[PDB]
$ cat query.txt   # compact mmCIF, C-alpha atoms
# COMPACT_ATOMS: atom_id res chain seq x y z
CA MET L 1 222.11 -3.46 87.44
CA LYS L 2 223.30 -0.95 90.16
CA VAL L 3 222.01 -0.54 93.78
CA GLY L 4 219.39 2.28 93.69
CA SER L 5 218.34 1.47 90.04
CA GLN L 6 214.76 0.82 88.76
CA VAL L 7 214.16 -2.43 86.73
CA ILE L 8 211.11 -4.26 85.20
CA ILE L 9 210.87 -8.03 86.13
CA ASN L 10 210.03 -10.26 83.03
CA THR L 11 210.73 -13.83 84.33
CA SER L 12 209.52 -14.39 87.92
CA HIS L 13 209.16 -16.93 90.80
CA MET L 14 206.03 -15.03 92.03
CA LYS L 15 203.18 -14.05 89.58
CA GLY L 16 203.07 -10.61 91.35
CA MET L 17 206.61 -9.90 89.97
CA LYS L 18 205.82 -10.46 86.22
CA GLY L 19 205.39 -6.92 84.75
CA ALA L 20 206.30 -5.38 88.19
CA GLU L 21 208.69 -2.41 88.67
CA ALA L 22 211.43 -3.48 91.17
CA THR L 23 214.14 -1.35 92.92
CA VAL L 24 217.63 -2.93 93.33
CA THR L 25 218.26 -2.73 97.14
CA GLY L 26 221.27 -5.12 96.85
CA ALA L 27 223.62 -6.70 94.22
CA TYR L 28 225.41 -10.02 95.12
CA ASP L 29 228.20 -11.89 93.19
CA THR L 30 227.79 -15.51 94.54
CA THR L 31 227.30 -19.10 93.21
CA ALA L 32 223.53 -19.73 92.66
CA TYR L 33 221.75 -23.16 92.39
CA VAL L 34 218.57 -24.84 91.10
CA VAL L 35 217.60 -27.60 93.66
CA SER L 36 214.72 -30.17 93.93
CA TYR L 37 213.48 -31.32 97.41
CA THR L 38 210.55 -32.93 99.29
CA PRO L 39 209.41 -30.80 102.39
CA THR L 40 210.09 -32.98 105.56
CA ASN L 41 206.87 -31.65 107.29
CA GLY L 42 204.77 -33.67 104.73
CA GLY L 43 204.62 -31.21 101.79
CA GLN L 44 204.48 -31.57 97.96
CA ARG L 45 207.95 -32.01 96.29
CA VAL L 46 209.28 -28.60 95.11
CA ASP L 47 211.04 -29.41 91.77
CA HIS L 48 213.67 -27.11 90.09
CA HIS L 49 213.41 -24.56 93.00
CA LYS L 50 215.53 -21.39 92.61
CA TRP L 51 217.46 -19.44 93.80
CA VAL L 52 219.50 -20.98 96.66
CA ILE L 53 223.18 -19.90 97.13
CA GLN L 54 226.41 -21.22 98.83
CA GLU L 55 225.69 -19.49 102.24
CA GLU L 56 222.00 -20.71 102.00
CA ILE L 57 223.20 -24.37 102.28
CA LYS L 58 225.03 -26.23 105.15
CA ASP L 59 226.56 -29.14 103.14
CA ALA L 60 227.97 -26.58 100.58
CA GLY L 61 231.21 -26.10 102.64
CA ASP L 62 232.26 -23.34 100.12
CA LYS L 63 232.82 -26.13 97.45
CA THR L 64 231.19 -26.24 93.94
CA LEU L 65 228.02 -28.42 94.28
CA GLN L 66 227.83 -30.62 91.09
CA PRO L 67 224.52 -31.65 89.23
CA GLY L 68 223.37 -34.83 91.12
CA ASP L 69 224.86 -33.83 94.55
CA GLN L 70 222.48 -33.85 97.61
CA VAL L 71 222.60 -31.10 100.33
CA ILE L 72 220.44 -29.87 103.33
CA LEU L 73 218.92 -26.29 103.31
CA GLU L 74 219.61 -24.06 106.42
CA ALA L 75 217.46 -21.14 105.15
CA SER L 76 213.69 -21.26 104.44
CA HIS L 77 211.68 -19.11 101.95
CA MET L 78 208.46 -20.89 103.19
CA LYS L 79 207.03 -23.37 105.82
CA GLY L 80 208.52 -26.94 105.44
CA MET L 81 211.71 -25.97 103.46
CA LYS L 82 214.49 -25.93 106.17
CA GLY L 83 215.84 -29.46 106.96
CA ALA L 84 214.63 -30.91 103.59
CA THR L 85 217.02 -33.00 101.37
CA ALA L 86 217.72 -31.08 98.10
CA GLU L 87 219.49 -32.26 94.88
CA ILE L 88 221.43 -29.95 92.48
CA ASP L 89 219.59 -29.85 89.10
CA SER L 90 221.96 -27.09 87.82
CA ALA L 91 225.04 -25.07 89.02
CA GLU L 92 225.02 -21.34 88.01
CA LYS L 93 227.38 -18.27 87.94
CA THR L 94 224.99 -15.24 87.88
CA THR L 95 224.59 -11.82 89.60
CA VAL L 96 221.66 -12.17 92.10
CA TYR L 97 219.75 -9.06 93.27
CA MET L 98 217.78 -8.19 96.41
CA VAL L 99 214.80 -6.02 95.17
CA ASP L 100 211.73 -3.99 96.38
CA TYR L 101 208.54 -4.50 94.21
CA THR L 102 204.70 -4.17 94.40
CA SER L 103 202.87 -7.55 93.98
CA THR L 104 200.87 -6.68 90.78
CA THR L 105 198.48 -9.68 91.44
CA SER L 106 197.04 -8.02 94.67
CA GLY L 107 198.55 -4.50 95.09
CA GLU L 108 200.66 -5.40 98.21
CA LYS L 109 204.09 -3.77 98.96
CA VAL L 110 206.97 -6.37 99.27
CA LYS L 111 210.67 -5.53 100.14
CA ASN L 112 214.09 -7.36 100.15
CA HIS L 113 212.89 -10.13 97.68
CA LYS L 114 215.52 -12.93 97.20
CA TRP L 115 216.72 -13.96 94.62
CA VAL L 116 216.29 -12.48 91.05
CA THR L 117 218.95 -12.73 88.26
CA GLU L 118 220.12 -10.62 85.24
CA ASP L 119 218.27 -13.20 83.00
CA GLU L 120 214.95 -12.62 84.89
CA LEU L 121 215.23 -8.74 84.83
CA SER L 122 214.90 -5.94 82.19
CA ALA L 123 216.24 -2.34 82.74
CA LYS L 124 213.90 0.71 83.26
CA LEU L 125 216.00 2.78 80.76
CA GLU L 126 216.92 -0.12 78.37
CA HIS L 127 213.41 -1.71 78.28
CA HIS L 128 212.98 -4.99 76.19
CA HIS L 129 216.86 -5.26 76.27
CA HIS L 130 217.79 -8.82 77.39
CA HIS L 131 221.26 -10.49 77.33
CA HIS L 132 221.29 -14.18 76.15

$ encode --input "query.txt" --output "structure tokens"
Amino acid sequence: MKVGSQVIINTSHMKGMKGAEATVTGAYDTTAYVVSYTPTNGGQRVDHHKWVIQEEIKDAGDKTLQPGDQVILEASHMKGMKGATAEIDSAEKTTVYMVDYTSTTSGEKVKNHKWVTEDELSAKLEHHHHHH
């Protein structure tokens, strides 16, 4: 997808993104990860959480984090996430997009959503067209 393009989100982290029309406000070529962690502030263990990238993580060090490696998260997408011990479930080479969508569950306007992949998106022009 190109920056400025319209796309329809099929697979989604938020329910308000499934069937939603997003706008690609950024396109990033970085190493993406699926991590599992227990929130240090006394929260329920977030299993197979995605997406977190190389510059999202301290203990990354610009090296390839292998399945089974444990790292600490510098960024936070929610309350209790930063400072938690995460373990690499899967290492991924995908194009990750920053998008603007309307949460279809409520009707609320959300911008700069991070991250969504080529797998999780369908094109506005080429609708139904997935690459597997």

$ closest_residue --input "query.txt" --among "L:104, L:44, L:10, L:117" --to "residue 27 of chain L" --atoms "only C-alpha atoms"
L:117

$ atom_distance --input "query.txt" --atom1 "atom CA of residue 121 of chain L" --atom2 "atom CA of residue 48 of chain L"
19.2 Å

$ residues_around --input "query.txt" --residues "residue 40 of chain L" --least-positions-apart "4" --cutoff "7 Å" --atoms "all atoms listed in the file" --output "PDB file with C-alpha atoms, in the frame of the given file"
ATOM      1  CA  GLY L  80     208.520 -26.940 105.440  1.00  0.00           C
ATOM      2  CA  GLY L  83     215.840 -29.460 106.960  1.00  0.00           C
ATOM      3  CA  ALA L  84     214.630 -30.910 103.590  1.00  0.00           C
TER       4      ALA L  84
END

$ closest_residue --input "query.txt" --among "L:57, L:1, L:110, L:96" --to "residue 29 of chain L" --atoms "all atoms listed in the file"
L:96

$ closest_residue --input "query.txt" --among "L:108, L:100, L:59, L:89" --to "residue 47 of chain L" --atoms "only C-alpha atoms"
L:89

$ atom_distance --input "query.txt" --atom1 "atom CA of residue 71 of chain L" --atom2 "atom CA of residue 36 of chain L"
10.2 Å

$ closest_residue --input "query.txt" --among "L:118, L:68, L:63, L:22" --to "residue 132 of chain L" --atoms "all atoms listed in the file"
L:118

$ closest_residue --input "query.txt" --among "L:75, L:31, L:107, L:102" --to "residue 62 of chain L" --atoms "only C-alpha atoms"
L:31

$ residues_around --input "query.txt" --residues "residue 78 of chain L" --least-positions-apart "4" --cutoff "12 Å" --atoms "only C-alpha atoms" --output "list in words"
residues 39, 41, 43, 46, 49, 73, 82, 83 and 84 of chain L

$ closest_residue --input "query.txt" --among "L:14, L:5, L:51, L:98" --to "residue 76 of chain L" --atoms "all atoms listed in the file"
L:51

$ residues_near_point --input "query.txt" --point "(213.7, -4.5, 78.0)" --cutoff "12 Å" --atoms "only C-alpha atoms" --output "mmCIF file with C-alpha atoms, in the coordinates of the input"
data_model
loop_
_atom_site.group_PDB
_atom_site.id
_atom_site.type_symbol
_atom_site.label_atom_id
_atom_site.label_comp_id
_atom_site.auth_asym_id
_atom_site.auth_seq_id
_atom_site.Cartn_x
_atom_site.Cartn_y
_atom_site.Cartn_z
ATOM 1 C CA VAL L 7 214.160 -2.430 86.730
ATOM 2 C CA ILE L 8 211.110 -4.260 85.200
ATOM 3 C CA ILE L 9 210.870 -8.030 86.130
ATOM 4 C CA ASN L 10 210.030 -10.260 83.030
ATOM 5 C CA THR L 11 210.730 -13.830 84.330
ATOM 6 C CA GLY L 19 205.390 -6.920 84.750
ATOM 7 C CA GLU L 21 208.690 -2.410 88.670
ATOM 8 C CA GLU L 118 220.120 -10.620 85.240
ATOM 9 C CA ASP L 119 218.270 -13.200 83.000
ATOM 10 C CA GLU L 120 214.950 -12.620 84.890
ATOM 11 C CA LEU L 121 215.230 -8.740 84.830
ATOM 12 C CA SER L 122 214.900 -5.940 82.190
ATOM 13 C CA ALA L 123 216.240 -2.340 82.740
ATOM 14 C CA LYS L 124 213.900 0.710 83.260
ATOM 15 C CA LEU L 125 216.000 2.780 80.760
ATOM 16 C CA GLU L 126 216.920 -0.120 78.370
ATOM 17 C CA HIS L 127 213.410 -1.710 78.280
ATOM 18 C CA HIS L 128 212.980 -4.990 76.190
ATOM 19 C CA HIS L 129 216.860 -5.260 76.270
ATOM 20 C CA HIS L 130 217.790 -8.820 77.390
ATOM 21 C CA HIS L 131 221.260 -10.490 77.330
#

$ residues_around --input "query.txt" --residues "residue 60 of chain L" --least-positions-apart "2" --cutoff "12 Å" --atoms "only C-alpha atoms" --output "count of residues only"
24

$ atom_distance --input "query.txt" --atom1 "atom CA of residue 38 of chain L" --atom2 "atom CA of residue 12 of chain L"
21.8 Å

$ axis_aligned_box --input "query.txt" --around "segment 12-28 of chain L" --padding-each-side "6 Å" --output "AutoDock Vina command-line options"
--center_x 214.2 --center_y -9.1 --center_z 90.9 --size_x 34.3 --size_y 27.6 --size_z 24.4

$ build_atoms --input "query.txt" --residues "segment 20-53 of chain L" --atoms "N, CA and C atoms" --output "tab-separated table (two decimals), keeping the file's coordinate frame"
chain	number	residue	atom	x	y	z
L	20	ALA	N	206.11	-6.28	87.02
L	20	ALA	CA	206.30	-5.38	88.19
L	20	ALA	C	207.59	-4.54	88.06
L	21	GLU	N	207.54	-3.33	88.62
L	21	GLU	CA	208.69	-2.41	88.67
L	21	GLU	C	209.43	-2.57	90.03
L	22	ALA	N	210.58	-3.25	89.99
L	22	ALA	CA	211.43	-3.48	91.17
L	22	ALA	C	212.49	-2.36	91.35
L	23	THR	N	213.03	-2.27	92.58
L	23	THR	CA	214.14	-1.35	92.92
L	23	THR	C	215.28	-2.18	93.52
L	24	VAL	N	216.47	-2.11	92.91
L	24	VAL	CA	217.63	-2.93	93.33
L	24	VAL	C	218.17	-2.41	94.68
L	25	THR	N	217.82	-3.10	95.78
L	25	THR	CA	218.26	-2.73	97.14
L	25	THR	C	219.56	-3.46	97.54
L	26	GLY	N	220.00	-4.42	96.68
L	26	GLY	CA	221.27	-5.12	96.85
L	26	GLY	C	221.70	-5.86	95.58
L	27	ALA	N	223.03	-5.98	95.37
L	27	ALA	CA	223.62	-6.70	94.22
L	27	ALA	C	224.75	-7.64	94.71
L	28	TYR	N	224.53	-8.96	94.55
L	28	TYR	CA	225.41	-10.02	95.12
L	28	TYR	C	226.08	-10.86	94.00
L	29	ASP	N	227.41	-11.03	94.11
L	29	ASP	CA	228.20	-11.89	93.19
L	29	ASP	C	228.57	-13.23	93.89
L	30	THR	N	227.62	-14.18	93.89
L	30	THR	CA	227.79	-15.51	94.54
L	30	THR	C	227.33	-16.65	93.61
L	31	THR	N	227.70	-17.89	93.96
L	31	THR	CA	227.30	-19.10	93.21
L	31	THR	C	225.83	-19.45	93.54
L	32	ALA	N	224.98	-19.49	92.51
L	32	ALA	CA	223.53	-19.73	92.66
L	32	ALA	C	223.18	-21.14	92.13
L	33	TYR	N	222.12	-21.75	92.68
L	33	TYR	CA	221.75	-23.16	92.39
L	33	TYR	C	220.24	-23.33	92.17
L	34	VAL	N	219.92	-24.32	91.32
L	34	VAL	CA	218.57	-24.84	91.10
L	34	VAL	C	218.49	-26.22	91.78
L	35	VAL	N	217.70	-26.35	92.86
L	35	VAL	CA	217.60	-27.60	93.66
L	35	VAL	C	216.15	-28.15	93.68
L	36	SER	N	216.02	-29.48	93.78
L	36	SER	CA	214.72	-30.17	93.93
L	36	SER	C	214.69	-30.93	95.27
L	37	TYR	N	213.59	-30.76	96.04
L	37	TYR	CA	213.48	-31.32	97.41
L	37	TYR	C	212.03	-31.64	97.78
L	38	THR	N	211.86	-32.57	98.74
L	38	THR	CA	210.55	-32.93	99.29
L	38	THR	C	210.46	-32.40	100.74
L	39	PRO	N	209.59	-31.37	101.02
L	39	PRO	CA	209.41	-30.80	102.39
L	39	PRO	C	209.15	-31.86	103.50
L	40	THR	N	210.08	-31.95	104.48
L	40	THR	CA	210.09	-32.98	105.56
L	40	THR	C	208.82	-32.98	106.45
L	41	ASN	N	208.13	-31.82	106.52
L	41	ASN	CA	206.87	-31.65	107.29
L	41	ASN	C	205.62	-32.21	106.54
L	42	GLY	N	205.85	-33.02	105.49
L	42	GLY	CA	204.77	-33.67	104.73
L	42	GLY	C	204.17	-32.80	103.63
L	43	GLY	N	205.04	-32.11	102.88
L	43	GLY	CA	204.62	-31.21	101.79
L	43	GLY	C	204.92	-31.77	100.40
L	44	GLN	N	204.27	-31.19	99.37
L	44	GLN	CA	204.48	-31.57	97.96
L	44	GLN	C	205.91	-31.21	97.49
L	45	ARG	N	206.56	-32.16	96.78
L	45	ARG	CA	207.95	-32.01	96.29
L	45	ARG	C	208.12	-30.77	95.38
L	46	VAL	N	208.95	-29.83	95.84
L	46	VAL	CA	209.28	-28.60	95.11
L	46	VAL	C	210.43	-28.89	94.13
L	47	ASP	N	210.09	-28.99	92.83
L	47	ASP	CA	211.04	-29.41	91.77
L	47	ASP	C	211.60	-28.19	91.02
L	48	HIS	N	212.93	-28.20	90.78
L	48	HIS	CA	213.67	-27.11	90.09
L	48	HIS	C	213.50	-25.73	90.80
L	49	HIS	N	213.50	-25.77	92.14
L	49	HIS	CA	213.41	-24.56	93.00
L	49	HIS	C	214.66	-23.68	92.84
L	50	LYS	N	214.44	-22.38	92.71
L	50	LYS	CA	215.53	-21.39	92.61
L	50	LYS	C	215.07	-20.02	93.19
L	51	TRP	N	216.00	-19.17	93.69
L	51	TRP	CA	217.46	-19.44	93.80
L	51	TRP	C	217.88	-19.71	95.26
L	52	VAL	N	218.78	-20.69	95.41
L	52	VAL	CA	219.50	-20.98	96.66
L	52	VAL	C	221.02	-20.85	96.39
L	53	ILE	N	221.74	-20.22	97.32
L	53	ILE	CA	223.18	-19.90	97.13
L	53	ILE	C	224.07	-20.69	98.12
